[PDB]
Each structure stands twice: as structure tokens, then as C-alpha cells.
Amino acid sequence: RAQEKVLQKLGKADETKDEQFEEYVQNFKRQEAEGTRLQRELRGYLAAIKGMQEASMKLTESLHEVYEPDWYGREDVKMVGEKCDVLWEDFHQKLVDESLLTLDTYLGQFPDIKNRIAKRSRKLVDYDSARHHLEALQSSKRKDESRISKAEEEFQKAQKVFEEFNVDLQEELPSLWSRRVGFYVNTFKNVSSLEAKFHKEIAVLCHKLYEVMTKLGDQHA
């Protein structure tokens, strides 16, 4: 350093880079909170799907139970009930195995990053301390070479250790932030495609039940 003020300029640059990094961390926290909220709501949706499945089944069971042997369509009602339950079961399971699983694995990458952010902060405090200490030693009236040399080693090491954590996270945080859209797109492509298909397939069975009831009605006219 010396009269080129190298370490002082280093500190200024480090501070500007750290301000940018704290902006990344704010986005990272927002991204985690958004993901966890989506997880809660997707889980809520799955539980509502299952509730629908079960309530629908009981309803068709109760119809099959009031049926008389002579009534048209008893076996068709049973089959409608069975096929509908399979549709619900598969729809729920495919949502679990796609959108939910993918979201859980996406969220699974956050705790390790949070731990390395924590380590980076601590290592920055050590690096900051070593830089200031070296600056002080280099500007003193007494010039103690053995003392300065050791402070140089300590500064070089603290810097290396900090920058290891820093350069990785400087890459990883904005990249993870960028992947946000692809993650939401794929989650909702999965939800919407499975649901579209489910609604189309179950309509066929609703129509079959209507048809059976029409014929039962006609039989008893």
C-alpha cells in the first residue's frame, strides 16, 4: 500500500461491493418468502382437492346404497363412482409428484445458502479488521517489519477466506433470483395442465351419471 493509498481504496471498493451484495440478500429473502407462501397455498390446494375427492365419493356411495335391484343403472352408478375416484386420486398424486415435489426441492436449496451468507458476514468482519490493522501498522512512526509482515499474512488470509465465500454467493444469488420465473412458470404449467385434463375427463363421467339418471327417471315414468 503506502503512499498510493492502496488499502484505503480497497476498503472503498469492498464497501461498494458489499452494498450491492446486501441488495442481493434482500431479494434472496423475498424469494424465499414468496416460495414458502406458494408452498403453503399449494399444500392448501392439495388438501382441498383431497377433501373434494372424499366428499364426492361419499355422495356417490349414498346413491348406490339407496338403489333398488330393479332400478336401471345400478352398476353404471358404481362404475361412475369408481372411475371418478381414480381420476381424483391420480390428479392429486400427480400434483404431489410434480409441482409440490419440485417446489420442495427448490426451497431445499435455501438453507445452505443462508448458512454461507452467515459465514460470509463473519469473514467480512475479520477481513475488515485485518485491513484496518495493516493500515495502522504501515503508517506508524515506528516501522516494525516483523510486525507488519505478520499483519500482511493475516490480511492476505482473511481476504482470501472472505473472497472464497463472496465470489460464489455473488454468482449464486443473482442466478437463483433469475431462476424465479422459470420456477413459477413450470409450477403453474404443471398445475394448469393437470387440472385442465382432469376437468375434461371428469365431465365425461358427470354426463354418464346424468344419462343414467335420465333413464332411471324414464323407467319410472
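Each residue number is its position in the shown sequence, starting from 1.
Q: Which wins on mean Cα temperature factor, 41 to 49 or 64 to 72?
A: The stretch with the larger average C-alpha B-factor is 64 to 72.
Q: Please compare 144 to 152 with 83 to 91 and name the stretch with the higher mean C-alpha B-factor in the deposited structure.
A: If you average the C-alpha B-factors of 144 to 152 and of 83 to 91, the larger mean comes out for 144 to 152.
Q: Maximum C-alpha temperature factor per the entry, among 55, 161, 176, 33, belongs to which one?
A: The C-alpha B-factor peaks, among 55, 161, 176, 33, at 161.
Q: Based on the PDB record, which member of 118, 134, 124, 100 exhibits the highest Cα temperature factor?
A: It is 118.
Q: Should residue 196 be placed in the lowest, middle or highest third of its chain by the C-alpha B factor in the entry?
A: Lowest third - that is where residue 196 ends up once the chain's C-alpha B-factors are sorted.
Q: Lowest, middle or highest third: where is residue 188 by C-alpha B factor in its chain?
A: CA B-factor rank for residue 188: lowest third.
Q: Using the B-factor values recorded in the entry, state whether the Cα atom of residue 206 falls in the lowest, middle or highest third among the modelled residues of its chain.
A: Its C-alpha B-factor, which the entry lists for residue 206, ranks in the lowest third among residues of this chain.
Q: Against its chain's modelled residues, does residue 213's Cα B factor rank lowest, middle or highest third?
A: Lowest third of the chain for residue 213's C-alpha B-factor.
Q: Please place residue 25 in the lowest, middle or highest third of its chain by C-alpha B factor as given in the entry.
A: Answer is lowest: the recorded C-alpha B-factor places it there.
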